[PDB]
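Chemist: As input, take start-v1.pdb (PDB, C-alpha atoms (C1' of nucleotides)):
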ATOM      1  CA  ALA C  25       0.000   0.000   0.000
ATOM      2  CA  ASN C  26       2.508   2.596   1.214
ATOM      3  CA  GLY C  27       5.684   0.495   1.310
ATOM      4  CA  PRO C  28       8.074  -0.376  -1.523
ATOM      5  CA  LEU C  29       6.022  -3.470  -2.436
ATOM      6  CA  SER C  30       3.228  -1.103  -3.530
ATOM      7  CA  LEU C  31       5.114  -0.630  -6.818
ATOM      8  CA  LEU C  32       4.492  -4.333  -7.407
ATOM      9  CA  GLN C  33       0.897  -3.458  -6.546
ATOM     10  CA  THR C  34       1.319  -0.690  -9.120
ATOM     11  CA  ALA C  35       2.567  -3.505 -11.347
ATOM     12  CA  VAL C  36      -0.648  -5.343 -10.441
ATOM     13  CA  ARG C  37      -2.780  -2.215 -10.964
ATOM     14  CA  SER C  38      -1.262  -1.574 -14.422
ATOM     15  CA  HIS C  39      -0.084  -5.009 -15.746
ATOM     16  CA  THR C  40       3.094  -3.431 -17.146
ATOM     17  CA  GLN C  41       6.271  -5.273 -18.089
ATOM     18  CA  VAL C  42       8.864  -5.692 -15.331
ATOM     19  CA  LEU C  43      12.583  -6.474 -15.737
ATOM     20  CA  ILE C  44      13.913  -8.659 -12.910
ATOM     21  CA  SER C  45      17.581  -9.435 -12.304
ATOM     22  CA  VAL C  46      18.086 -12.706 -10.431
ATOM     23  CA  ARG C  47      21.030 -14.048  -8.384
ATOM     24  CA  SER C  48      21.680 -16.713 -11.056
ATOM     25  CA  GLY C  49      22.907 -14.027 -13.468
ATOM     26  CA  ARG C  50      19.788 -14.180 -15.661
ATOM     27  CA  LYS C  51      17.130 -11.605 -16.520
ATOM     28  CA  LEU C  52      13.330 -11.815 -16.629
ATOM     29  CA  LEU C  53      10.731  -9.697 -18.444
ATOM     30  CA  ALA C  54       7.185 -10.375 -17.307
ATOM     31  CA  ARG C  55       3.844  -8.926 -16.241
ATOM     32  CA  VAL C  56       3.162  -9.146 -12.506
ATOM     33  CA  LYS C  57       0.036 -11.196 -11.791
ATOM     34  CA  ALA C  58       0.446 -11.607  -8.022
ATOM     35  CA  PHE C  59       2.856 -10.813  -5.194
ATOM     36  CA  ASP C  60       3.080 -10.804  -1.401
ATOM     37  CA  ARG C  61       4.995  -9.235   1.478
ATOM     38  CA  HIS C  62       7.672 -11.943   1.098
ATOM     39  CA  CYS C  63       8.340 -10.818  -2.526
ATOM     40  CA  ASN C  64       7.245 -14.179  -3.953
ATOM     41  CA  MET C  65       5.655 -13.258  -7.277
ATOM     42  CA  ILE C  66       3.493 -14.955  -9.898
ATOM     43  CA  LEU C  67       4.013 -13.683 -13.445
ATOM     44  CA  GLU C  68       2.371 -14.081 -16.853
ATOM     45  CA  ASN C  69       3.658 -13.514 -20.413
ATOM     46  CA  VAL C  70       7.224 -14.225 -19.344
ATOM     47  CA  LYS C  71      10.360 -13.895 -21.482
ATOM     48  CA  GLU C  72      13.600 -14.889 -19.738
ATOM     49  CA  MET C  73      16.980 -14.162 -21.316
ATOM     50  CA  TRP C  74      20.531 -14.906 -20.216
ATOM     51  CA  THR C  75      24.134 -14.845 -21.443
ATOM     52  CA  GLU C  76      26.322 -17.922 -21.890
ATOM     53  CA  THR C  77      29.790 -18.458 -23.338
ATOM     54  CA  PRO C  78      29.929 -21.694 -25.380
ATOM     55  CA  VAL C  79      33.237 -23.558 -25.136
ATOM     56  CA  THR C  80      33.844 -25.055 -28.588
ATOM     57  CA  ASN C  81      36.773 -27.518 -28.836
ATOM     58  CA  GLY C  82      38.323 -26.169 -25.638
ATOM     59  CA  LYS C  83      38.202 -22.524 -26.776
ATOM     60  CA  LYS C  84      36.039 -19.974 -24.958
ATOM     61  CA  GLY C  85      33.678 -18.578 -27.580
ATOM     62  CA  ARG C  86      31.979 -15.211 -27.696
ATOM     63  CA  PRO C  87      29.126 -14.654 -25.206
ATOM     64  CA  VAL C  88      25.694 -15.318 -26.716
ATOM     65  CA  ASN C  89      22.429 -13.967 -25.296
ATOM     66  CA  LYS C  90      19.637 -16.527 -25.630
ATOM     67  CA  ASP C  91      16.118 -16.659 -24.258
ATOM     68  CA  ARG C  92      13.031 -18.729 -23.493
ATOM     69  CA  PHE C  93       9.303 -17.993 -23.326
ATOM     70  CA  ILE C  94       7.350 -19.159 -20.261
ATOM     71  CA  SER C  95       3.598 -18.582 -20.001
ATOM     72  CA  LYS C  96       3.184 -18.868 -16.213
ATOM     73  CA  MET C  97       5.916 -18.085 -13.702
ATOM     74  CA  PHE C  98       6.331 -18.638  -9.951
ATOM     75  CA  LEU C  99       9.486 -16.730  -9.043
ATOM     76  CA  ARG C 100      10.720 -17.060  -5.474
ATOM     77  CA  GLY C 101      11.719 -14.027  -3.539
ATOM     78  CA  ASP C 102      15.251 -14.226  -2.163
ATOM     79  CA  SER C 103      16.911 -15.074  -5.503
ATOM     80  CA  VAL C 104      15.882 -11.700  -6.967
ATOM     81  CA  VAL C 105      18.732  -9.208  -7.172
ATOM     82  CA  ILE C 106      16.632  -6.264  -8.327
ATOM     83  CA  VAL C 107      13.235  -5.324  -9.793
ATOM     84  CA  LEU C 108      12.656  -2.647 -12.461
ATOM     85  CA  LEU C 109       9.093  -1.465 -13.098
ATOM     86  CA  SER C 110       9.037  -0.441 -16.762
TER      87      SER C 110
ATOM     88  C1'   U U   1      -2.059 -28.838  11.287
ATOM     89  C1'   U U   2      -4.615 -32.611   8.602
ATOM     90  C1'   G U   3      -6.252 -37.377   6.872
ATOM     91  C1'   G U   4      -8.251 -42.193   7.553
ATOM     92  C1'   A U   5     -11.572 -45.219  10.043
ATOM     93  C1'   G U   6     -15.390 -44.378  13.594
ATOM     94  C1'   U U   7     -20.695 -42.506  16.287
ATOM     95  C1'   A U   8     -24.565 -40.695  21.792
ATOM     96  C1'   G U   9     -26.680 -41.352  26.641
ATOM     97  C1'   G U  10     -29.847 -44.310  29.624
ATOM     98  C1'   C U  11     -31.836 -49.146  30.516
ATOM     99  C1'   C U  12     -32.998 -54.596  29.720
ATOM    100  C1'   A U  13     -31.421 -59.548  28.479
ATOM    101  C1'   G U  14     -27.977 -63.477  26.938
ATOM    102  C1'   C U  15     -22.950 -65.245  26.807
ATOM    103  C1'   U U  16     -17.725 -65.520  28.285
ATOM    104  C1'   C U  17     -14.094 -64.394  31.833
ATOM    105  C1'   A U  18     -12.844 -62.650  36.729
ATOM    106  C1'   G U  19     -12.388 -63.503  44.647
ATOM    107  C1'   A U  20      -6.175 -62.482  44.402
ATOM    108  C1'   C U  21      -8.783 -57.187  46.802
ATOM    109  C1'   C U  22     -14.208 -60.571  42.337
ATOM    110  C1'   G U  23     -17.629 -58.571  48.468
ATOM    111  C1'   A U  24     -13.740 -52.240  52.805
ATOM    112  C1'   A U  25     -20.070 -57.087  53.478
ATOM    113  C1'   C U  26     -20.934 -61.652  55.581
ATOM    114  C1'   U U  27     -24.406 -66.690  56.132
ATOM    115  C1'   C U  28     -25.755 -72.167  55.483
ATOM    116  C1'   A U  29     -24.628 -77.226  54.320
ATOM    117  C1'   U U  30     -21.086 -81.149  54.287
ATOM    118  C1'   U U  31     -16.370 -85.229  54.249
ATOM    119  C1'   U U  32     -12.725 -86.923  57.676
ATOM    120  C1'   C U  33     -11.099 -86.252  62.800
ATOM    121  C1'   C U  34     -10.603 -84.129  67.952
ATOM    122  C1'   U U  35     -13.420 -82.018  72.091
ATOM    123  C1'   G U  36     -18.010 -80.877  74.821
ATOM    124  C1'   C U  37     -23.021 -81.970  76.503
ATOM    125  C1'   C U  38     -25.312 -86.342  76.627
ATOM    126  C1'   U U  39     -30.453 -92.791  78.158
ATOM    127  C1'   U U  40     -31.188 -93.078  72.034
ATOM    128  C1'   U U  41     -30.525 -89.248  67.271
ATOM    129  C1'   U U  42     -32.496 -85.598  64.713
ATOM    130  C1'   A U  43     -31.317 -80.949  66.364
ATOM    131  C1'   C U  44     -26.724 -79.365  69.087
ATOM    132  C1'   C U  45     -21.486 -77.445  71.431
ATOM    133  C1'   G U  46     -16.454 -75.468  68.960
ATOM    134  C1'   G U  47     -11.830 -76.321  66.953
ATOM    135  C1'   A U  48      -9.131 -78.556  62.838
ATOM    136  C1'   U U  49      -9.470 -80.355  57.806
ATOM    137  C1'   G U  50     -11.194 -80.163  53.101
ATOM    138  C1'   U U  51     -15.562 -79.936  50.065
ATOM    139  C1'   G U  52     -20.235 -77.816  48.108
ATOM    140  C1'   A U  53     -24.356 -74.318  47.920
ATOM    141  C1'   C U  54     -26.670 -69.478  48.546
ATOM    142  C1'   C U  55     -27.075 -63.681  48.961
ATOM    143  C1'   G U  56     -24.226 -60.529  46.009
ATOM    144  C1'   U U  57     -19.882 -58.010  42.556
ATOM    145  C1'   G U  58     -16.813 -56.425  38.287
ATOM    146  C1'   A U  59     -15.009 -56.396  33.252
ATOM    147  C1'   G U  60     -15.473 -57.865  28.204
ATOM    148  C1'   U U  61     -18.920 -59.041  24.411
ATOM    149  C1'   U U  62     -23.674 -59.829  21.692
ATOM    150  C1'   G U  63     -28.752 -58.711  20.892
ATOM    151  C1'   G U  64     -32.774 -55.547  22.261
ATOM    152  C1'   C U  65     -35.538 -51.398  24.400
ATOM    153  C1'   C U  66     -36.286 -45.950  25.657
ATOM    154  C1'   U U  67     -35.294 -40.841  24.751
ATOM    155  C1'   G U  68     -32.868 -38.358  21.278
ATOM    156  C1'   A U  69     -29.347 -36.543  17.754
ATOM    157  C1'   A U  70     -29.281 -36.233  12.283
ATOM    158  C1'   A U  71     -24.570 -36.454   6.911
ATOM    159  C1'   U U  72     -25.004 -31.310  12.193
ATOM    160  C1'   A U  73     -21.920 -32.852  15.757
ATOM    161  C1'   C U  74     -18.175 -35.627  18.211
ATOM    162  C1'   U U  75     -13.851 -38.848  18.049
ATOM    163  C1'   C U  76      -8.624 -41.092  17.914
ATOM    164  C1'   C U  77      -3.746 -41.148  16.323
ATOM    165  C1'   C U  78      -0.912 -38.685  12.738
ATOM    166  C1'   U U  79       1.826 -35.467   9.410
ATOM    167  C1'   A U  80      11.190 -11.582   4.873
ATOM    168  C1'   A U  81      16.160  -9.095  10.541
ATOM    169  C1'   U U  82      21.522 -14.044  12.927
ATOM    170  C1'   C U  83      21.338 -21.202  14.790
ATOM    171  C1'   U U  84      18.107 -23.824   9.306
ATOM    172  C1'   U U  85      12.253 -21.565   6.054
ATOM    173  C1'   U U  86      12.543 -15.894   2.661
ATOM    174  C1'   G U  87      20.076 -17.976   0.052
ATOM    175  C1'   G U  88      27.096 -14.834  -0.146
ATOM    176  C1'   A U  89      25.102 -15.877  -4.604
ATOM    177  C1'   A U  90      26.243 -16.190  -9.594
ATOM    178  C1'   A U  91      29.958 -16.352 -13.140
ATOM    179  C1'   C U  92      34.856 -16.515 -14.929
ATOM    180  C1'   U U  93      40.025 -16.150 -14.627
ATOM    181  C1'   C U  94      44.757 -17.047 -12.395
ATOM    182  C1'   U U  95      47.937 -20.291  -9.518
ATOM    183  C1'   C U  96      49.073 -25.194  -7.561
ATOM    184  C1'   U U  97      48.515 -30.865  -7.485
ATOM    185  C1'   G U  98      47.213 -35.523 -10.192
ATOM    186  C1'   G U  99      45.951 -38.137 -14.865
ATOM    187  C1'   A U 100      47.050 -37.221 -20.147
ATOM    188  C1'   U U 101      51.875 -35.659 -20.656
ATOM    189  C1'   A U 102      53.415 -31.564 -27.143
ATOM    190  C1'   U U 103      48.583 -29.119 -26.033
ATOM    191  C1'   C U 104      43.300 -29.012 -25.474
ATOM    192  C1'   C U 105      40.291 -31.235 -21.638
ATOM    193  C1'   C U 106      39.028 -32.808 -16.548
ATOM    194  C1'   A U 107      39.223 -33.823 -11.093
ATOM    195  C1'   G U 108      40.690 -31.596  -6.473
ATOM    196  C1'   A U 109      42.384 -27.221  -3.881
ATOM    197  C1'   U U 110      42.923 -21.813  -3.643
ATOM    198  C1'   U U 111      42.174 -16.593  -5.020
TER     199        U U 111
END
Written as structure tokens, that's how I'd like the structure from this file.

Modeler:
Amino acid sequence: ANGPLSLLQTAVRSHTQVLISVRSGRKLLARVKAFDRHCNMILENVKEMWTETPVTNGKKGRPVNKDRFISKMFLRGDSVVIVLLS
RNA sequence: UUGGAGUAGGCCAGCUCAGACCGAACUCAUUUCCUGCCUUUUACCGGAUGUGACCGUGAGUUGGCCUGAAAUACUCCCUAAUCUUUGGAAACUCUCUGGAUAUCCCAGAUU
């Protein structure tokens, strides 16, 4: 309501896209469907991208950004580095 | 915190088991002796020794009755602020050790 989590409520009240950086080094782009005080959120229309360096024949290749589309998302709170309300 | 299997109280009757304290109470009969009183024995005296009955008792279980309650209700066991549950992670490089041993790779350790 009046705390920081209200922006997630503002994410609920507007259904806007949100960019989430996670402690695994990956990034999420999703619309916030539900949240709580414990920052456990449920998301819809989810597109998750990350960066990996493929090692081909023992040589470290260039970093490639790839992605995956997930319809329904249950992201757990403590792994989130940071949340950006776009 | 939940699931599974359960269903009340009162009373009546049958059955089984329980004296050891079944019974915080108390009689009678009788076998074999010993004693007493005794003309005879029933009835008696009072100790031992066993052995039966009778007045009662409890638990378990089965059926029934009475008043209800009516999927209500009750029941048993059971499964975000530091020491765990609201993550010091993630990622990569360097060095060292071993295998390979010209390297790549990988395991372990460390930053």

Chemist: Would you list the contacts of residue 68 in chain U as a VMD selection string, taking every protein, DNA or RNA residue within 12 Å and counting only C-alpha atoms (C1' of nucleotides), but skipping same-chain residues closer than 5 positions in sequence?

Modeler: chain U and resid 8 to 10

Chemist: Set up a box along x, y and z of the file covering all listed atoms of range 93-105 of chain C, add 5 Å on every one of the six sides, and write the centre and edge lengths in Å to one decimal, as JSON.

Modeler:
{"center_x": 11.0, "center_y": -14.2, "center_z": -12.7, "size_x": 25.5, "size_y": 20.0, "size_z": 31.2}

Chemist: May I ask for the distance between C1' of residue 60 in chain U and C1' of residue 75 in chain U, given in Å to one decimal place?

Modeler: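 The value is 21.6 Å.
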
Chemist: Please report as JSON lines every residue of chain U lying within 6 Å of chain C, along with the nearest atom pair and their distance in Å (one decimal), using only C-alpha atoms (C1' of nucleotides).

Modeler:
{"residue": "U:80", "atom": "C1'", "partner": "C:62", "partner_atom": "CA", "distance": 5.2}
{"residue": "U:86", "atom": "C1'", "partner": "C:102", "partner_atom": "CA", "distance": 5.8}
{"residue": "U:89", "atom": "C1'", "partner": "C:47", "partner_atom": "CA", "distance": 5.8}
{"residue": "U:90", "atom": "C1'", "partner": "C:48", "partner_atom": "CA", "distance": 4.8}
{"residue": "U:104", "atom": "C1'", "partner": "C:82", "partner_atom": "CA", "distance": 5.7}

Chemist: For residue 18 in chain U, please output as a list in words all residues within 8 Å (counting only C-alpha atoms (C1' of nucleotides); exclusion window: fewer than 3 positions along the same chain).

Modeler: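 Residues near the query, excluding close chain neighbours: residues 22, 58 and 59 of chain U.
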
Chemist: Pull C-alpha atoms (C1' of nucleotides) from the residues just selected and write them as a PDB file, in the coordinates of the input.

Modeler:
ATOM      1  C1'   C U  22     -14.208 -60.571  42.337  1.00  0.00           C
ATOM      2  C1'   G U  58     -16.813 -56.425  38.287  1.00  0.00           C
ATOM      3  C1'   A U  59     -15.009 -56.396  33.252  1.00  0.00           C
TER       4        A U  59
END

Chemist: Written as an NGL selection string, which residues does the PyMOL selection byres ((chain C and resi 67) around 8) give for the file shown?

Modeler: :C and (54-58 or 65-66 or 68-70 or 96-99)

Chemist: Write out, as a PDB file, in the frame of the given file, the residues just selected, with C-alpha atoms.

Modeler:
ATOM      1  CA  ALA C  54       7.185 -10.375 -17.307  1.00  0.00           C
ATOM      2  CA  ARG C  55       3.844  -8.926 -16.241  1.00  0.00           C
ATOM      3  CA  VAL C  56       3.162  -9.146 -12.506  1.00  0.00           C
ATOM      4  CA  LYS C  57       0.036 -11.196 -11.791  1.00  0.00           C
ATOM      5  CA  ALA C  58       0.446 -11.607  -8.022  1.00  0.00           C
ATOM      6  CA  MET C  65       5.655 -13.258  -7.277  1.00  0.00           C
ATOM      7  CA  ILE C  66       3.493 -14.955  -9.898  1.00  0.00           C
ATOM      8  CA  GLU C  68       2.371 -14.081 -16.853  1.00  0.00           C
ATOM      9  CA  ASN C  69       3.658 -13.514 -20.413  1.00  0.00           C
ATOM     10  CA  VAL C  70       7.224 -14.225 -19.344  1.00  0.00           C
ATOM     11  CA  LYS C  96       3.184 -18.868 -16.213  1.00  0.00           C
ATOM     12  CA  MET C  97       5.916 -18.085 -13.702  1.00  0.00           C
ATOM     13  CA  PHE C  98       6.331 -18.638  -9.951  1.00  0.00           C
ATOM     14  CA  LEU C  99       9.486 -16.730  -9.043  1.00  0.00           C
TER      15      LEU C  99
END

Chemist: From the list C:84, C:93, C:25, C:59, which residue is nearest residue 71 in chain C when using all atoms listed in the file?

Modeler: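 When distances to residue 71 in chain C are compared using all atoms listed in the file, the smallest one comes from C:93.
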
Chemist: Would you work out the distance separating CA of residue 91 in chain C from CA of residue 72 in chain C, expressed in Å to one decimal?

Modeler: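 Interatomic distance, CA of residue 91 in chain C to CA of residue 72 in chain C: 5.5 Å.
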
Chemist: List the residues matched by the PyMOL selection byres ((chain U and resi 16) around 8) in the displayed structure as a PyMOL selection string, ordered by chain and then by residue number.

Modeler: chain U and resi 15+17+60-61

Chemist: For the selection just defined, write its residues with C-alpha atoms (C1' of nucleotides) to a file, as a PDB file, in the frame of the given file.

Modeler:
ATOM      1  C1'   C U  15     -22.950 -65.245  26.807  1.00  0.00           C
ATOM      2  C1'   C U  17     -14.094 -64.394  31.833  1.00  0.00           C
ATOM      3  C1'   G U  60     -15.473 -57.865  28.204  1.00  0.00           C
ATOM      4  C1'   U U  61     -18.920 -59.041  24.411  1.00  0.00           C
TER       5        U U  61
END

Chemist: Grab the CA of residue 73 in chain C to CA of residue 107 in chain C distance for me, in Å with one decimal place.

Modeler: 15.0 Å

Chemist: Closest to residue 80 in chain C among U:54, U:100, U:105, U:37, using all atoms listed in the file?

Modeler: U:105

Chemist: Care to translate the PyMOL selection byres ((chain U and resi 30) around 8) into actual residues of this file, as a list in words?

Modeler: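 The output of the PyMOL selection byres ((chain U and resi 30) around 8) on this file is residues 29, 31, 51 and 52 of chain U.
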
Chemist: Using all atoms listed in the file, which residues sit within 12 Å of residue 76 in chain U once same-chain residues fewer than 3 positions away are excluded, as a PyMOL selection string?

Modeler: chain U and resi 3-6

Chemist: Hey, can you pull every residue with an atom no more than 12 Å from (-0.5, -2.9, -7.6), using all atoms listed in the file, and send it as a ChimeraX atom specification?

Modeler: /C:25-40,55-60,109

Chemist: Complete the atoms of range 32-56 of chain C to N, CA, C and O atoms and put them out as a PDB file, in the coordinates of the input.

Modeler:
ATOM      1  N   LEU C  32       4.994  -3.066  -6.890  1.00  0.00           N
ATOM      2  CA  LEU C  32       4.492  -4.333  -7.407  1.00  0.00           C
ATOM      3  C   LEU C  32       2.973  -4.319  -7.467  1.00  0.00           C
ATOM      4  O   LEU C  32       2.378  -4.827  -8.425  1.00  0.00           O
ATOM      5  N   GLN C  33       2.331  -3.710  -6.463  1.00  0.00           N
ATOM      6  CA  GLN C  33       0.897  -3.458  -6.546  1.00  0.00           C
ATOM      7  C   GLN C  33       0.582  -2.525  -7.706  1.00  0.00           C
ATOM      8  O   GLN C  33      -0.407  -2.724  -8.422  1.00  0.00           O
ATOM      9  N   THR C  34       1.432  -1.514  -7.921  1.00  0.00           N
ATOM     10  CA  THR C  34       1.319  -0.690  -9.120  1.00  0.00           C
ATOM     11  C   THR C  34       1.569  -1.524 -10.371  1.00  0.00           C
ATOM     12  O   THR C  34       0.983  -1.267 -11.429  1.00  0.00           O
ATOM     13  N   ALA C  35       2.429  -2.540 -10.262  1.00  0.00           N
ATOM     14  CA  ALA C  35       2.567  -3.505 -11.347  1.00  0.00           C
ATOM     15  C   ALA C  35       1.302  -4.344 -11.493  1.00  0.00           C
ATOM     16  O   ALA C  35       0.930  -4.730 -12.606  1.00  0.00           O
ATOM     17  N   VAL C  36       0.634  -4.644 -10.376  1.00  0.00           N
ATOM     18  CA  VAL C  36      -0.648  -5.343 -10.441  1.00  0.00           C
ATOM     19  C   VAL C  36      -1.728  -4.427 -11.001  1.00  0.00           C
ATOM     20  O   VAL C  36      -2.522  -4.836 -11.858  1.00  0.00           O
ATOM     21  N   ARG C  37      -1.757  -3.170 -10.558  1.00  0.00           N
ATOM     22  CA  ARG C  37      -2.780  -2.215 -10.964  1.00  0.00           C
ATOM     23  C   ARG C  37      -2.620  -1.730 -12.399  1.00  0.00           C
ATOM     24  O   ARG C  37      -3.532  -1.076 -12.916  1.00  0.00           O
ATOM     25  N   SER C  38      -1.497  -2.025 -13.056  1.00  0.00           N
ATOM     26  CA  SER C  38      -1.262  -1.574 -14.422  1.00  0.00           C
ATOM     27  C   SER C  38      -0.891  -2.682 -15.398  1.00  0.00           C
ATOM     28  O   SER C  38      -0.989  -2.451 -16.610  1.00  0.00           O
ATOM     29  N   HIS C  39      -0.472  -3.860 -14.917  1.00  0.00           N
ATOM     30  CA  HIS C  39      -0.084  -5.009 -15.746  1.00  0.00           C
ATOM     31  C   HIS C  39       1.031  -4.663 -16.733  1.00  0.00           C
ATOM     32  O   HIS C  39       1.031  -5.129 -17.875  1.00  0.00           O
ATOM     33  N   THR C  40       1.985  -3.844 -16.301  1.00  0.00           N
ATOM     34  CA  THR C  40       3.094  -3.431 -17.146  1.00  0.00           C
ATOM     35  C   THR C  40       4.244  -4.431 -17.057  1.00  0.00           C
ATOM     36  O   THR C  40       4.337  -5.229 -16.122  1.00  0.00           O
ATOM     37  N   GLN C  41       5.123  -4.378 -18.056  1.00  0.00           N
ATOM     38  CA  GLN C  41       6.271  -5.273 -18.089  1.00  0.00           C
ATOM     39  C   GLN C  41       7.307  -4.862 -17.051  1.00  0.00           C
ATOM     40  O   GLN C  41       7.538  -3.674 -16.810  1.00  0.00           O
ATOM     41  N   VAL C  42       7.931  -5.863 -16.435  1.00  0.00           N
ATOM     42  CA  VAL C  42       8.864  -5.692 -15.331  1.00  0.00           C
ATOM     43  C   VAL C  42      10.120  -6.489 -15.658  1.00  0.00           C
ATOM     44  O   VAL C  42      10.028  -7.654 -16.069  1.00  0.00           O
ATOM     45  N   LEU C  43      11.285  -5.853 -15.492  1.00  0.00           N
ATOM     46  CA  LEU C  43      12.583  -6.474 -15.737  1.00  0.00           C
ATOM     47  C   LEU C  43      13.205  -6.847 -14.393  1.00  0.00           C
ATOM     48  O   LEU C  43      13.477  -5.976 -13.563  1.00  0.00           O
ATOM     49  N   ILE C  44      13.446  -8.135 -14.188  1.00  0.00           N
ATOM     50  CA  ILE C  44      13.913  -8.659 -12.910  1.00  0.00           C
ATOM     51  C   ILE C  44      15.291  -9.272 -13.110  1.00  0.00           C
ATOM     52  O   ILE C  44      15.465 -10.154 -13.960  1.00  0.00           O
ATOM     53  N   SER C  45      16.266  -8.813 -12.331  1.00  0.00           N
ATOM     54  CA  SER C  45      17.581  -9.435 -12.304  1.00  0.00           C
ATOM     55  C   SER C  45      17.656 -10.384 -11.116  1.00  0.00           C
ATOM     56  O   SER C  45      17.319 -10.002  -9.987  1.00  0.00           O
ATOM     57  N   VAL C  46      18.112 -11.607 -11.384  1.00  0.00           N
ATOM     58  CA  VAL C  46      18.086 -12.706 -10.431  1.00  0.00           C
ATOM     59  C   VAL C  46      19.535 -13.026 -10.048  1.00  0.00           C
ATOM     60  O   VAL C  46      20.479 -12.681 -10.761  1.00  0.00           O
ATOM     61  N   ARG C  47      19.711 -13.688  -8.900  1.00  0.00           N
ATOM     62  CA  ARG C  47      21.030 -14.048  -8.384  1.00  0.00           C
ATOM     63  C   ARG C  47      21.732 -15.128  -9.198  1.00  0.00           C
ATOM     64  O   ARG C  47      22.910 -15.399  -8.943  1.00  0.00           O
ATOM     65  N   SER C  48      21.056 -15.749 -10.162  1.00  0.00           N
ATOM     66  CA  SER C  48      21.680 -16.713 -11.056  1.00  0.00           C
ATOM     67  C   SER C  48      22.365 -16.054 -12.248  1.00  0.00           C
ATOM     68  O   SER C  48      22.939 -16.760 -13.084  1.00  0.00           O
ATOM     69  N   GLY C  49      22.322 -14.727 -12.344  1.00  0.00           N
ATOM     70  CA  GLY C  49      22.907 -14.027 -13.468  1.00  0.00           C
ATOM     71  C   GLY C  49      22.018 -13.906 -14.683  1.00  0.00           C
ATOM     72  O   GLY C  49      22.503 -13.511 -15.750  1.00  0.00           O
ATOM     73  N   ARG C  50      20.737 -14.233 -14.560  1.00  0.00           N
ATOM     74  CA  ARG C  50      19.788 -14.180 -15.661  1.00  0.00           C
ATOM     75  C   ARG C  50      18.847 -12.993 -15.492  1.00  0.00           C
ATOM     76  O   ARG C  50      18.830 -12.328 -14.454  1.00  0.00           O
ATOM     77  N   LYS C  51      18.076 -12.712 -16.541  1.00  0.00           N
ATOM     78  CA  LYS C  51      17.130 -11.605 -16.520  1.00  0.00           C
ATOM     79  C   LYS C  51      15.759 -12.074 -16.988  1.00  0.00           C
ATOM     80  O   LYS C  51      15.637 -12.941 -17.857  1.00  0.00           O
ATOM     81  N   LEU C  52      14.726 -11.473 -16.398  1.00  0.00           N
ATOM     82  CA  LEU C  52      13.330 -11.815 -16.629  1.00  0.00           C
ATOM     83  C   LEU C  52      12.591 -10.579 -17.119  1.00  0.00           C
ATOM     84  O   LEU C  52      12.876  -9.467 -16.670  1.00  0.00           O
ATOM     85  N   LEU C  53      11.625 -10.770 -18.017  1.00  0.00           N
ATOM     86  CA  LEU C  53      10.731  -9.697 -18.444  1.00  0.00           C
ATOM     87  C   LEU C  53       9.313 -10.249 -18.422  1.00  0.00           C
ATOM     88  O   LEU C  53       8.971 -11.118 -19.231  1.00  0.00           O
ATOM     89  N   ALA C  54       8.491  -9.756 -17.500  1.00  0.00           N
ATOM     90  CA  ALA C  54       7.185 -10.375 -17.307  1.00  0.00           C
ATOM     91  C   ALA C  54       6.198  -9.377 -16.723  1.00  0.00           C
ATOM     92  O   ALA C  54       6.580  -8.339 -16.184  1.00  0.00           O
ATOM     93  N   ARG C  55       4.917  -9.713 -16.835  1.00  0.00           N
ATOM     94  CA  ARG C  55       3.844  -8.926 -16.241  1.00  0.00           C
ATOM     95  C   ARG C  55       3.470  -9.528 -14.894  1.00  0.00           C
ATOM     96  O   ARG C  55       3.259 -10.740 -14.790  1.00  0.00           O
ATOM     97  N   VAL C  56       3.385  -8.681 -13.872  1.00  0.00           N
ATOM     98  CA  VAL C  56       3.162  -9.146 -12.506  1.00  0.00           C
ATOM     99  C   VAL C  56       1.684  -9.481 -12.335  1.00  0.00           C
ATOM    100  O   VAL C  56       0.822  -8.604 -12.429  1.00  0.00           O
TER     101      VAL C  56
END
